[PDB]
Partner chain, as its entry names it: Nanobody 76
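Just the one chain here, the form solved without its partner chain, laid out as structure tokens.
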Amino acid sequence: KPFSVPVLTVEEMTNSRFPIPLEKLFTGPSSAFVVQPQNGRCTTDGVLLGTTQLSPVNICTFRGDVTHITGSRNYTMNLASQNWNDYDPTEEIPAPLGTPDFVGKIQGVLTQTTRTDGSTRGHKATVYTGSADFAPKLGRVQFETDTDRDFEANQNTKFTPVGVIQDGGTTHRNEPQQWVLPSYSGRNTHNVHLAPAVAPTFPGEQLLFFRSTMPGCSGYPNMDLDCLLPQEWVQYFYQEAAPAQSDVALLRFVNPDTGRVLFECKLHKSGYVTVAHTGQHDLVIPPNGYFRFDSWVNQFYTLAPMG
């Protein structure tokens, strides 16, 4: 079975760290932060890593029953599985698959159904993934809502993410921090079973980021979100499970209608992409172009510079 990547343009693909489409390709230096996302992590032969799961509609969603914290508009969600089964903390994962992998204030809607009559309700809610109340590995997540009365106990409750917010009274774009991992156990202990941090280890090379713009719901948030692999690539590698004939796959970004190669990149076996470039650069590409696997190369392959 020969290795390959999907024939899908950037705009046809989805961010693997938030349920939104991809927008563009971006490269830049990543020496000043730790690049260790847990969503969108998958080896080229189809091994899912970190908290990565297969569908993008499950990224940053929560399910369970909620308990009101008395004297506040906050609720503690006792996490259920995506199945509505009880939560099991003994799985060899950092957190439930699809848990957010950045520190920030994720705003969305908390919906609930009353089992006996089918009555429903929905309220604005925000989860602060950097707080010690965010302990999804321990099976609990705190939501701040607009209500102190409406959500009932022991009823199926779901959080649908929409976007991120920022306190406009502080430095604009100071949050969220997409490269700061949450503490999945509410700051009680180390994160466990993480996908490793990635970094370009070839001179002149930088990471190639698949970038989207998270919706902003309030303030002046940093809405950039970079994933290391499109979700469709994760889905494709999982389905294909093609063996890696080396550590490094050579990809060419190709206009299928003019046949022209605009740049080449390295798809690393462990699941991330590097390009030969120095500095921050938004890649200007024909929207119909796609990535094409050309060959497996050795560790000392020099990429053509990416102008």
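Whichever C-alpha set is largest while still superposing within 1.5 Å between the two forms counts as the rigid core. Numbering follows the first chain given and starts at 1.
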Given 168-176 and 104-112, the range whose Cα B-factors average higher in the PDB entry: 168-176
Per the PDB record, is the mean Cα temperature factor higher over 128-136 or over 145-153? 145-153
When the CA B-factors of 211, 73, 193, 158 are compared as recorded in the entry, which is the largest? 73
In this crystal structure's PDB entry, the residue among 163, 230, 94, 200 with the greatest CA B factor is 200
Among all modelled residues of this chain, ranked by Cα B factor, put residue 62 in the bottom, middle or top third, i.e. lowest, middle or highest. lowest
Which third of the chain does residue 83 land in by C-alpha B-factor: lowest, middle or highest? highest
Hey, what third does residue 69 fall into on Cα B-factor, ranked over its chain? highest
Ranked C-alpha temperature factor of residue 37 among modelled chain residues, by third: lowest
Would you mind ranking residue 283 by its C-alpha B-factor against the rest of the chain and naming the third, lowest, middle or highest? highest
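Here the subject shifts to the form solved in complex with its partner chain, a form of this protein not shown in this document.
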In the entry with it bound, residue 199 touching its partner chain (heavy atom, 4.5 Å): no
Closest heavy atom of residue 219 to its partner chain in the entry with it bound, within 4.5 Å or not? yes
Test of understanding: in the entry with it bound, would residue 175 fall inside 4.5 Å of its partner chain by heavy atoms? yes
Under a 4.5 Å heavy atom criterion, is residue 131 part of the interface with its partner chain in the entry with it bound? yes
Within 4.5 Å of its partner chain in the entry with it bound, counting any non-hydrogen atom, which residues from 158-192 show up? 167, 168, 169, 170, 174, 175, 177, 187, 188
Only one of 35, 262, 244, 69 crosses a C-alpha shift of 2 angstroms between the shown form and the other one, counting 2 angstroms or more, core aligned. Which residue? 69
Cα of residue 122 displaced 2 Å or more between the shown form and the other one, core superposed? no
Fitting the rigid core first, would the Cα of residue 174 be found 2 Å or more away between the shown form and the other one? no
